[PDB]
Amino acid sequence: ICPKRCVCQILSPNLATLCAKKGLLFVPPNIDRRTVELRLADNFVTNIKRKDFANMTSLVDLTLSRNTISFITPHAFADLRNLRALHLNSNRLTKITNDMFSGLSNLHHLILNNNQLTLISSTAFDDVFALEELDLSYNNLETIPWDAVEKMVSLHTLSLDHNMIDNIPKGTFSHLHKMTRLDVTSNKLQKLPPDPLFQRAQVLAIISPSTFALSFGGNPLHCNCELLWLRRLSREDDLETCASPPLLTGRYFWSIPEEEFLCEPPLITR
């Protein structure tokens, strides 16, 4: 049942298959299909085939953390109907196809951090709409399918720090009431959309603790009146820095008074 290297243990009624730190180069063939937890972390798997995780209906937690995974066969996660958590962090993934995460309705946690992700095809998140956590940190992403993200009502954590994200839609986080943490540090963002969740990121006074936590440091901010709503907020200085206008270039976001966040009236050239 349990592969030679793996230490599969049994606790009624669940079956766990522990194959972490075993120097594996590929996913072991004879893993019991009625396994519930499967740890394949800290190995050297380079690619996944359909035959690996096929037929595993009872699987609820899969861990492929810290591998050399660069490609996974389309429809290899298709039969994981009861999977709730997937760890694909610290690999060599490049793209996110639609066939990759298909049928993962019960998926609540999806982790893709420390990968070299460049593109995420739309509708790739059209089956994981009911997740609660999404970690896409430390990637080469500049855009994500926000439309599929807007359909994630039960989402409470969105990790996006250390990417190259250009901008972010204004209509997002509208019905995402359960959101409690958003990290967009070290991205190439020019501005930020206003939202009541961000109003909930203050420390105010009785005294009150911040119930929402956002991070927007390390961004080429365009310090105009379109960010004035965020400057009016009362938050701790997180070393944020303006990049433009040239007069505000270099000075801290919180070191600049509200009367210096200005915009420019429209005029007609021809």
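One-based numbering along the sequence shown.
- Mean C-alpha B-factor is higher over 170 to 178 than over the other stretch, the pair under comparison being 170 to 178 and 67 to 75.
- Higher average CA B factor: 50 to 58, of the stretches 37 to 45 and 50 to 58.
- When the C-alpha B-factors of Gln190, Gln116, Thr143, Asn187 are read from the PDB record, the largest value belongs to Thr143.
- When the C-alpha B-factors of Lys95, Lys151, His87, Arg84 are ranked from the entry, the top spot goes to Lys151.
- In the deposited entry, the Cα temperature factor of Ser159 places it in the lowest third of its chain's modelled residues.
- For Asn224, the recorded CA B-factor ranks within the middle third of the chain. Only modelled residues enter the ranking.
- In the PDB entry, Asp126 places in the highest third of its chain by CA B-factor.
- Among all modelled residues in this chain, the alpha-carbon of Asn106 has a temperature factor (C-alpha) in the middle third.
- For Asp183, the recorded CA temperature factor ranks within the lowest third of the chain's modelled residues.
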